[PDB]
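Trainee: I'm passing along protein14.cif; it holds mmCIF, C-alpha atoms.
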```cif
data_data
#
loop_
_atom_site.group_PDB
_atom_site.id
_atom_site.type_symbol
_atom_site.label_atom_id
_atom_site.label_comp_id
_atom_site.auth_asym_id
_atom_site.auth_seq_id
_atom_site.Cartn_x
_atom_site.Cartn_y
_atom_site.Cartn_z
ATOM 1 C CA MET A 1 99.510 132.240 124.421
ATOM 2 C CA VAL A 2 102.699 132.192 122.302
ATOM 3 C CA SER A 3 104.615 135.139 120.906
ATOM 4 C CA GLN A 4 104.852 135.803 117.194
ATOM 5 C CA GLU A 5 108.610 135.229 117.572
ATOM 6 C CA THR A 6 108.050 131.748 119.005
ATOM 7 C CA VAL A 7 105.623 131.016 116.158
ATOM 8 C CA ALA A 8 108.182 132.245 113.607
ATOM 9 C CA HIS A 9 110.923 130.157 115.211
ATOM 10 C CA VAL A 10 108.734 127.025 115.245
ATOM 11 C CA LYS A 11 107.809 127.700 111.596
ATOM 12 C CA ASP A 12 111.540 128.007 110.938
ATOM 13 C CA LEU A 13 112.119 124.683 112.662
ATOM 14 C CA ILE A 14 109.363 123.199 110.523
ATOM 15 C CA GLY A 15 110.886 124.334 107.211
ATOM 16 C CA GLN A 16 114.500 123.409 107.927
ATOM 17 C CA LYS A 17 114.232 119.797 106.843
ATOM 18 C CA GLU A 18 112.214 117.930 104.262
ATOM 19 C CA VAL A 19 110.384 116.060 107.003
ATOM 20 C CA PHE A 20 109.460 117.532 110.334
ATOM 21 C CA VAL A 21 107.902 115.601 113.175
ATOM 22 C CA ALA A 22 106.936 117.080 116.479
ATOM 23 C CA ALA A 23 106.629 114.087 118.750
ATOM 24 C CA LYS A 24 106.752 113.081 122.352
ATOM 25 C CA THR A 25 108.296 110.067 124.042
ATOM 26 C CA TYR A 26 105.880 107.371 125.217
ATOM 27 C CA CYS A 27 103.581 108.337 122.370
ATOM 28 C CA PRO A 28 102.281 105.254 120.540
ATOM 29 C CA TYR A 29 101.312 107.140 117.415
ATOM 30 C CA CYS A 30 104.513 109.193 117.428
ATOM 31 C CA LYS A 31 106.356 105.892 117.337
ATOM 32 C CA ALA A 32 103.973 104.731 114.579
ATOM 33 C CA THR A 33 104.523 107.906 112.569
ATOM 34 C CA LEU A 34 108.315 107.792 113.001
ATOM 35 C CA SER A 35 108.396 104.109 112.038
ATOM 36 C CA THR A 36 106.203 104.769 109.001
ATOM 37 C CA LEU A 37 108.468 107.578 107.763
ATOM 38 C CA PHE A 38 111.854 106.263 108.708
ATOM 39 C CA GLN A 39 111.472 102.478 108.810
ATOM 40 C CA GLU A 40 108.680 101.606 106.439
ATOM 41 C CA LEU A 41 109.186 104.393 103.954
ATOM 42 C CA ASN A 42 112.958 104.799 104.480
ATOM 43 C CA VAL A 43 112.897 108.547 104.755
ATOM 44 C CA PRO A 44 116.508 109.621 105.182
ATOM 45 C CA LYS A 45 116.924 110.746 108.775
ATOM 46 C CA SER A 46 119.426 113.325 107.589
ATOM 47 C CA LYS A 47 116.421 114.856 105.795
ATOM 48 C CA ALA A 48 114.276 114.973 108.870
ATOM 49 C CA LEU A 49 113.958 116.947 112.017
ATOM 50 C CA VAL A 50 112.189 115.148 114.791
ATOM 51 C CA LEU A 51 111.568 117.041 117.930
ATOM 52 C CA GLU A 52 110.748 115.296 121.118
ATOM 53 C CA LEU A 53 108.845 118.059 122.855
ATOM 54 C CA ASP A 54 108.836 116.504 126.338
ATOM 55 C CA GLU A 55 112.651 116.180 126.128
ATOM 56 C CA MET A 56 112.951 119.932 125.548
ATOM 57 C CA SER A 57 112.552 122.666 128.126
ATOM 58 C CA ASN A 58 110.746 124.726 125.473
ATOM 59 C CA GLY A 59 108.699 121.659 124.292
ATOM 60 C CA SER A 60 105.513 123.077 125.742
ATOM 61 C CA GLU A 61 105.802 126.436 123.977
ATOM 62 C CA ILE A 62 106.756 124.653 120.760
ATOM 63 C CA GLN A 63 103.563 122.627 121.102
ATOM 64 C CA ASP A 64 101.513 125.775 121.669
ATOM 65 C CA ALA A 65 103.159 127.401 118.677
ATOM 66 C CA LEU A 66 102.370 124.303 116.655
ATOM 67 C CA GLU A 67 98.756 124.595 117.700
ATOM 68 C CA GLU A 68 98.758 128.326 116.874
ATOM 69 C CA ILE A 69 100.303 127.428 113.492
ATOM 70 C CA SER A 70 97.953 124.514 112.513
ATOM 71 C CA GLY A 71 95.283 124.386 115.176
ATOM 72 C CA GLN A 72 96.607 120.869 115.819
ATOM 73 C CA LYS A 73 96.975 120.082 119.488
ATOM 74 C CA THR A 74 98.141 116.499 119.194
ATOM 75 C CA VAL A 75 101.441 114.778 118.599
ATOM 76 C CA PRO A 76 102.802 113.551 116.350
ATOM 77 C CA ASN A 77 102.610 116.612 114.176
ATOM 78 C CA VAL A 78 104.069 116.072 110.791
ATOM 79 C CA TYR A 79 105.176 118.540 108.151
ATOM 80 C CA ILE A 80 106.740 117.475 104.916
ATOM 81 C CA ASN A 81 108.396 120.030 102.634
ATOM 82 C CA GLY A 82 107.340 122.661 105.143
ATOM 83 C CA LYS A 83 103.658 121.815 104.664
ATOM 84 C CA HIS A 84 101.399 120.438 107.304
ATOM 85 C CA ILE A 85 100.552 116.753 107.000
ATOM 86 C CA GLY A 86 98.899 116.328 110.374
ATOM 87 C CA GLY A 87 99.016 113.538 112.856
ATOM 88 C CA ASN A 88 99.465 109.843 112.558
ATOM 89 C CA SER A 89 95.925 109.347 111.212
ATOM 90 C CA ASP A 90 96.536 111.813 108.377
ATOM 91 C CA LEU A 91 99.880 110.193 107.664
ATOM 92 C CA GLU A 92 98.204 106.770 107.549
ATOM 93 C CA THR A 93 95.480 108.126 105.232
ATOM 94 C CA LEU A 94 98.151 109.476 102.856
ATOM 95 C CA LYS A 95 100.179 106.276 103.189
ATOM 96 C CA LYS A 96 97.091 104.275 102.163
ATOM 97 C CA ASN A 97 96.002 106.846 99.471
ATOM 98 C CA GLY A 98 99.421 106.374 97.892
ATOM 99 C CA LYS A 99 99.650 110.163 98.247
ATOM 100 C CA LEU A 100 102.413 110.005 100.831
ATOM 101 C CA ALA A 101 104.881 108.351 98.471
ATOM 102 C CA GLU A 102 104.165 111.120 95.953
ATOM 103 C CA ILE A 103 104.586 113.744 98.706
ATOM 104 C CA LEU A 104 107.887 112.141 99.789
ATOM 105 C CA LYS A 105 109.260 111.694 96.206
ATOM 106 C CA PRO A 106 111.438 114.911 96.522
ATOM 107 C CA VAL A 107 112.965 113.676 99.801
ATOM 108 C CA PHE A 108 114.456 110.893 97.712
ATOM 109 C CA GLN A 109 115.438 113.044 94.657
#
```
Represent the structure from my file as structure tokens, please.
Mentor:
Amino acid sequence: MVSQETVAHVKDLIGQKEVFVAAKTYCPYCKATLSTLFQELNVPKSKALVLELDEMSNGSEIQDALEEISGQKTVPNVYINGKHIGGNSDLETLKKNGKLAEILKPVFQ
């Protein structure tokens, strides 16, 4: 599957920035999620780490580690403040809930 070291490293990647997105290119909802965060909600890009897994030689193991970490198998896979948000549908739910703006409030502080 994936090693504990890969899992740790991917967790480390996740917690480096206020907003983490594991995405792929040619991924409609990855684009949606990135646009929501960065264009609609003006999340500072300097406060985000966006990985494009299919642009990375280790993208596949990162994805497996992400699944080991959350059980989520799909991209985009969003963490905010090191905590799992989920995919685009979750993000949209939180966006609509108003909960996302609360969740993001620190990213702007």
Trainee: For residue A:17, find every residue with an atom within 12 Å (counting only C-alpha atoms), except residues of its own chain fewer than 5 positions away, and show them as an NGL selection string.
Mentor: :A and (11-12 or 43-51 or 78-83 or 106-107)
Trainee: I'd like the interatomic distance between atom CA of residue A:69 and atom CA of residue A:108, to a tenth of an Å.
Mentor: 26.9 Å
Trainee: For stretch 6-10 of chain A, find every residue with an atom within 9 Å (counting all atoms listed in the file), except residues of its own chain fewer than 4 positions away, and show them as a PDB file with C-alpha atoms, keeping the file's coordinate frame.
Mentor:
```
ATOM      1  CA  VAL A   2     102.699 132.192 122.302  1.00  0.00           C
ATOM      2  CA  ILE A  14     109.363 123.199 110.523  1.00  0.00           C
ATOM      3  CA  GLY A  15     110.886 124.334 107.211  1.00  0.00           C
ATOM      4  CA  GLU A  61     105.802 126.436 123.977  1.00  0.00           C
ATOM      5  CA  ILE A  62     106.756 124.653 120.760  1.00  0.00           C
ATOM      6  CA  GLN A  63     103.563 122.627 121.102  1.00  0.00           C
ATOM      7  CA  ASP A  64     101.513 125.775 121.669  1.00  0.00           C
ATOM      8  CA  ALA A  65     103.159 127.401 118.677  1.00  0.00           C
ATOM      9  CA  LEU A  66     102.370 124.303 116.655  1.00  0.00           C
ATOM     10  CA  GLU A  68      98.758 128.326 116.874  1.00  0.00           C
ATOM     11  CA  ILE A  69     100.303 127.428 113.492  1.00  0.00           C
TER      12      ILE A  69
END
```
Trainee: One number please: atom CA of residue A:38 to atom CA of residue A:56, in Å, one decimal.
Mentor: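 Distance reported for this atom pair: 21.7 Å.
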Trainee: Selected by the PyMOL selection byres ((chain A and resi 22) around 7) in the shown coordinates: which residues, as a PyMOL selection string?
Mentor: chain A and resi 20-21+23+50-53+75-78
